[PDB]
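Colleague: Take a look at this one; I'll ask things after.
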Amino acid sequence: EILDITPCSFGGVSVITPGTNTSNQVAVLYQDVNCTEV
Amino acid sequence: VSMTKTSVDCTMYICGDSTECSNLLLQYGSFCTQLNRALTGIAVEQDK
């Protein structure tokens, strides 16, 4: 049977954080990928 | 005006899901880090 192969690890990861003296809250951005794991 | 923003993962490109290859690449120092920083700077300059 014909089977396709697609490499894993879609896109990258980016970190959004304010100034160190403002707050420690952060937001995670996953580049060029839909929300799957979350 | 603006060039397409391309971010190349030298860790994945050089080594695909390999640990020994990852260690061998790390043995070369920050070349992968330097390339990643250069590409990020290119993207930032294009945005600017």
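Order determines the names: the first chain of the structure tokens is A, the second B, and so forth; residues in each chain are numbered 1 upward, and ligands are numbered 1 upward as they are shown.
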Taking 6 positions as the minimum chain separation for residues in the same chain, which residues sit within 12 Å of residue 3 in chain B when counting only C-alpha atoms? Answer as a PDB file with C-alpha atoms, in the first residue's frame.
Modeller:
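Once everything was written out, this is selection08.pdb:
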ATOM      1  CA  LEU B  39      18.589  35.052  10.786  1.00  0.00           C
ATOM      2  CA  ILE B  42      17.648  39.676   9.408  1.00  0.00           C
ATOM      3  CA  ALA B  43      13.959  39.235  10.218  1.00  0.00           C
ATOM      4  CA  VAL B  44      14.048  42.103  12.725  1.00  0.00           C
ATOM      5  CA  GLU B  45      15.751  44.380  10.194  1.00  0.00           C
ATOM      6  CA  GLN B  46      13.167  43.486   7.547  1.00  0.00           C
ATOM      7  CA  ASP B  47      10.369  44.313   9.997  1.00  0.00           C
ATOM      8  CA  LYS B  48      12.061  47.619  10.852  1.00  0.00           C
TER       9      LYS B  48
END
Colleague: Quick check: residues of chain A within 12 Å of chain B, only C-alpha atoms, returned as a count of residues only.
Modeller: 10
Colleague: Where in chain A does DSSP assign strand (DSSP E), given as a ChimeraX atom specification?
Modeller: /A:13-16,27-30
Colleague: Would you save the residues of that selection, restricted to N, CA, C and O atoms, as a PDB file, in the first residue's frame?
Modeller:
ATOM      1  N   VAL A  13       9.030  27.755  18.273  1.00  0.00           N
ATOM      2  CA  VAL A  13       8.455  28.244  19.522  1.00  0.00           C
ATOM      3  C   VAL A  13       9.009  29.633  19.803  1.00  0.00           C
ATOM      4  O   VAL A  13      10.193  29.900  19.577  1.00  0.00           O
ATOM      5  N   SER A  14       8.145  30.519  20.296  1.00  0.00           N
ATOM      6  CA  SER A  14       8.534  31.870  20.667  1.00  0.00           C
ATOM      7  C   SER A  14       7.982  32.180  22.051  1.00  0.00           C
ATOM      8  O   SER A  14       6.943  31.652  22.455  1.00  0.00           O
ATOM      9  N   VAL A  15       8.690  33.045  22.775  1.00  0.00           N
ATOM     10  CA  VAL A  15       8.346  33.404  24.145  1.00  0.00           C
ATOM     11  C   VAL A  15       8.019  34.890  24.196  1.00  0.00           C
ATOM     12  O   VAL A  15       8.794  35.723  23.713  1.00  0.00           O
ATOM     13  N   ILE A  16       6.870  35.215  24.781  1.00  0.00           N
ATOM     14  CA  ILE A  16       6.426  36.593  24.959  1.00  0.00           C
ATOM     15  C   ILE A  16       6.379  36.860  26.458  1.00  0.00           C
ATOM     16  O   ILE A  16       5.614  36.214  27.186  1.00  0.00           O
ATOM     17  N   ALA A  27       3.751  34.263  27.757  1.00  0.00           N
ATOM     18  CA  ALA A  27       2.839  33.663  26.792  1.00  0.00           C
ATOM     19  C   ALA A  27       3.660  32.913  25.756  1.00  0.00           C
ATOM     20  O   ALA A  27       4.693  33.416  25.302  1.00  0.00           O
ATOM     21  N   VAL A  28       3.205  31.722  25.387  1.00  0.00           N
ATOM     22  CA  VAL A  28       3.927  30.868  24.449  1.00  0.00           C
ATOM     23  C   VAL A  28       3.268  30.963  23.082  1.00  0.00           C
ATOM     24  O   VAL A  28       2.051  30.791  22.948  1.00  0.00           O
ATOM     25  N   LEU A  29       4.077  31.240  22.062  1.00  0.00           N
ATOM     26  CA  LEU A  29       3.612  31.324  20.683  1.00  0.00           C
ATOM     27  C   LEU A  29       4.276  30.216  19.882  1.00  0.00           C
ATOM     28  O   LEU A  29       5.507  30.106  19.875  1.00  0.00           O
ATOM     29  N   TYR A  30       3.466  29.398  19.214  1.00  0.00           N
ATOM     30  CA  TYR A  30       3.955  28.309  18.378  1.00  0.00           C
ATOM     31  C   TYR A  30       3.805  28.733  16.920  1.00  0.00           C
ATOM     32  O   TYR A  30       2.684  28.930  16.436  1.00  0.00           O
TER      33      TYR A  30
END
Colleague: Looking only at the backbone, which of the residues in chain B does DSSP tag as helix (DSSP H, G or I), as a ChimeraX atom specification?
Modeller: /B:10-14,19-26,31-47
Colleague: Could you save the residues just selected, with N, CA and C atoms, as a compact mmCIF listing (two decimals), in the first residue's frame?
Modeller:
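Result file is part24.txt:
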# COMPACT_ATOMS: atom_id res chain seq x y z
N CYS B 10 19.12 25.48 12.40
CA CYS B 10 20.35 24.76 12.12
C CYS B 10 20.49 23.50 12.96
N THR B 11 19.84 23.44 14.12
CA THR B 11 19.85 22.22 14.91
C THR B 11 19.10 21.10 14.20
N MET B 12 17.90 21.39 13.71
CA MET B 12 17.12 20.38 12.98
C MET B 12 17.67 20.16 11.58
N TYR B 13 18.06 21.23 10.89
CA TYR B 13 18.55 21.09 9.52
C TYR B 13 19.82 20.25 9.47
N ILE B 14 20.78 20.54 10.35
CA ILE B 14 22.05 19.82 10.38
C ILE B 14 21.81 18.40 10.87
N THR B 19 20.64 12.39 18.53
CA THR B 19 21.29 12.88 19.73
C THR B 19 22.81 12.93 19.55
N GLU B 20 23.39 11.89 18.97
CA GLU B 20 24.83 11.90 18.70
C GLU B 20 25.19 13.01 17.73
N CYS B 21 24.37 13.19 16.69
CA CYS B 21 24.59 14.30 15.76
C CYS B 21 24.45 15.64 16.47
N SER B 22 23.50 15.74 17.39
CA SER B 22 23.34 16.98 18.15
C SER B 22 24.58 17.27 18.98
N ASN B 23 25.14 16.25 19.63
CA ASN B 23 26.36 16.45 20.40
C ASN B 23 27.53 16.85 19.50
N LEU B 24 27.64 16.21 18.34
CA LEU B 24 28.70 16.57 17.40
C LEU B 24 28.56 18.02 16.94
N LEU B 25 27.33 18.46 16.66
CA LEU B 25 27.11 19.86 16.30
C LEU B 25 27.46 20.79 17.45
N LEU B 26 27.08 20.44 18.67
CA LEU B 26 27.43 21.26 19.83
C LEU B 26 28.93 21.36 20.01
N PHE B 31 28.23 28.09 16.39
CA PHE B 31 27.96 28.33 14.98
C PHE B 31 26.47 28.25 14.68
N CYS B 32 25.80 27.22 15.21
CA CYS B 32 24.35 27.13 15.06
C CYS B 32 23.67 28.33 15.72
N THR B 33 24.11 28.69 16.93
CA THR B 33 23.55 29.85 17.61
C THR B 33 23.83 31.13 16.82
N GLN B 34 25.03 31.26 16.27
CA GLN B 34 25.36 32.44 15.47
C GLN B 34 24.46 32.54 14.25
N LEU B 35 24.24 31.42 13.56
CA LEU B 35 23.36 31.43 12.39
C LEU B 35 21.93 31.80 12.77
N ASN B 36 21.43 31.23 13.87
CA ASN B 36 20.08 31.54 14.32
C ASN B 36 19.95 33.02 14.67
N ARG B 37 20.95 33.57 15.37
CA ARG B 37 20.92 34.98 15.72
C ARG B 37 20.98 35.86 14.48
N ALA B 38 21.80 35.47 13.49
CA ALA B 38 21.89 36.24 12.26
C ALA B 38 20.55 36.26 11.53
N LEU B 39 19.89 35.10 11.45
CA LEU B 39 18.59 35.05 10.79
C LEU B 39 17.53 35.85 11.55
N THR B 40 17.55 35.78 12.88
CA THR B 40 16.61 36.57 13.67
C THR B 40 16.85 38.06 13.46
N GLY B 41 18.13 38.46 13.40
CA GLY B 41 18.44 39.85 13.12
C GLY B 41 18.00 40.27 11.73
N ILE B 42 18.13 39.38 10.76
CA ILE B 42 17.65 39.68 9.41
C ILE B 42 16.15 39.92 9.43
N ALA B 43 15.41 39.06 10.13
CA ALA B 43 13.96 39.23 10.22
C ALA B 43 13.61 40.55 10.91
N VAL B 44 14.32 40.87 12.00
CA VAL B 44 14.05 42.10 12.73
C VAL B 44 14.33 43.31 11.84
N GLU B 45 15.42 43.27 11.08
CA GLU B 45 15.75 44.38 10.19
C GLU B 45 14.71 44.53 9.09
N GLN B 46 14.22 43.41 8.56
CA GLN B 46 13.17 43.49 7.55
C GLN B 46 11.90 44.10 8.13
N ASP B 47 11.54 43.71 9.35
CA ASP B 47 10.37 44.31 10.00
C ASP B 47 10.57 45.81 10.22
Colleague: To one decimal place, how far is CA of residue 15 in chain B from CA of residue 29 in chain B in Å?
Modeller: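 Spanning CA of residue 15 in chain B to CA of residue 29 in chain B is a straight-line distance of 14.8 Å.
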